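What follows is one chain in structure tokens, specifically the form deposited in one PDB entry.
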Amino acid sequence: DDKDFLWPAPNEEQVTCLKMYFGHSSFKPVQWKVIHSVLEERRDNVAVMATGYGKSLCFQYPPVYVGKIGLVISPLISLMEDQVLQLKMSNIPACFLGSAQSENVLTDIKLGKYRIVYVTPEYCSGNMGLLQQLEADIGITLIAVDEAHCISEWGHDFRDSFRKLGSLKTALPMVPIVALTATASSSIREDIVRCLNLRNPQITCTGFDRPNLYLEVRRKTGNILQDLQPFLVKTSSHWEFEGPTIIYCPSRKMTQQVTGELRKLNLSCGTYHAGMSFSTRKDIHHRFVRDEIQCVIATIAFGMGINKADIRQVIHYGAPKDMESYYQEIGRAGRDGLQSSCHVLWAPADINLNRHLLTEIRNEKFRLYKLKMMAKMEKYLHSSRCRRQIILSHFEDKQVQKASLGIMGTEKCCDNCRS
């Protein structure tokens, strides 16, 4: 069951609703992330998606489940017409709202007869008073802004119509905005978050097969220098990795240890852990971005703000917490699209493997969730199957494995695909 690997667990009516109106068994981790953060946290989202495969459910499902109203703001007229028809045929009442259509649909929208209203950014700019009325009389579950990259002057597909969608948060500060786009440009999403005036936005990135990441799992011995020696190359007196390198460790003690023995070879490296000031941390980034230091030995803490294109190696010195955290950590590697490697070095005596450590948690539901996650991360590490296939299976939809051409099976895919 996939529903086991979601936190919170989608309730029984949520599952019923998905099968009834969309015809699916379970939510994928990213879909659930976006949907739940909309419904329960009312949190602005930026959803990066390489295709429209599982893209619609993110903004269509929420207003259907609560039975209120969702607003999709898009310039893609014919794509909007196809989705309006698909919703109508799935017994979801939906319309295209524009100046031409207004006389037939507007009264019905105002009296709450539509779950999902598609509009152009042109039309939306004029009728902010209509939006405030709908918030007041029904309540708007969310506003989806598709092709959100069109708000950016520095993007490749700029649209004048998008300029005044900034006023949505001024007009509706309580209503969450789901900004959708097909570009993984870090500068454009900063334009999207800025121009749409988004607050503490959840960022997600799916539909990409990351063919330039090689995955390996490898038994850890005990001796640190023994374990890392394979990854090291000397140039004169000092030692160095082949490129920019991140070594995530499960404990704060380990980051100090690993950094300790890596220093003895005069390696250009530094720590980044929980128990320190958000001041020394600021420089380590700027050093690492400017290639002043080569390696960073960190915990789960380091990563969220990393925009470094040329990360060549990620190493998990010890089994990671779970697949969620692992997916995030490896996802930072090789953003430039050049060959990078992601190695796990694990032993059975790692703190994220012992089950009789989580028995301390007395909340039944949460304890069972953490055990399913530990079991599944364990199943991945011991696997003799394709590391990429396990990860795509769990995180991405079926059509990302199908669309994944000419990497799975090759000597650059994973240790299991090699031998």
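Numbering starts at 1 and runs along the sequence shown.
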- [ ] Taking only the other compared entries that model residues on either side of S236, decide whether it is unmodelled in at least a third of them.
- [x] yes
Open item on the list: Mean CA temperature factor from the deposited coordinates, higher in 403-411 or in 11-19?
Closed with: 403-411
TODO: Give the stretch, out of 254-262 and 217-225, with the larger mean C-alpha temperature factor in the deposited entry.
DONE: 254-262
- [ ] Report the option among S152, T245, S161, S279 whose CA atom has the maximum B-factor in the deposited record.
- [x] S279
- [ ] Name the residue from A144, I77, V289, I140 with the greatest C-alpha temperature factor listed in the entry.
- [x] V289
TODO: Pull the Cα B-factor of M49 out of the PDB entry and bin it into the chain's lowest, middle or highest third.
DONE: middle
TODO: Can you work out whether the C-alpha temperature factor of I73 puts it in the lowest, middle or highest third of the chain?
DONE: lowest
Task: Within-chain third of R194 by Cα B-factor, per the entry - done: middle
Task: Entry-reported Cα temperature factor of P230, expressed as the chain third it lands in - done: lowest
TODO: Name the third of the chain's ranked CA B-factors that contains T359, choosing lowest, middle or highest.
DONE: highest
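What follows is about the form deposited with a small molecule bound, which we do not show.
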TODO: Choose from 171-179, 128-136, 94-102, 329-337 the stretch whose residues reach within 4.5 Å of the small molecule in the bound PDB entry, heavy atoms counted.
DONE: 329-337
Task: Contacting member of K370, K68, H36, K28, with respect to the small molecule in the bound PDB entry [4.5 Å, heavy atom] - done: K28
Open item on the list: If the cut-off is 4.5 angstroms on heavy atoms, which of these, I361, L353, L381, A50, is the one near the small molecule in the bound PDB entry?
Closed with: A50
Open item on the list: So, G54 and the small molecule: in the bound PDB entry, are they within 4.5 Å at any heavy atom pair?
Closed with: yes
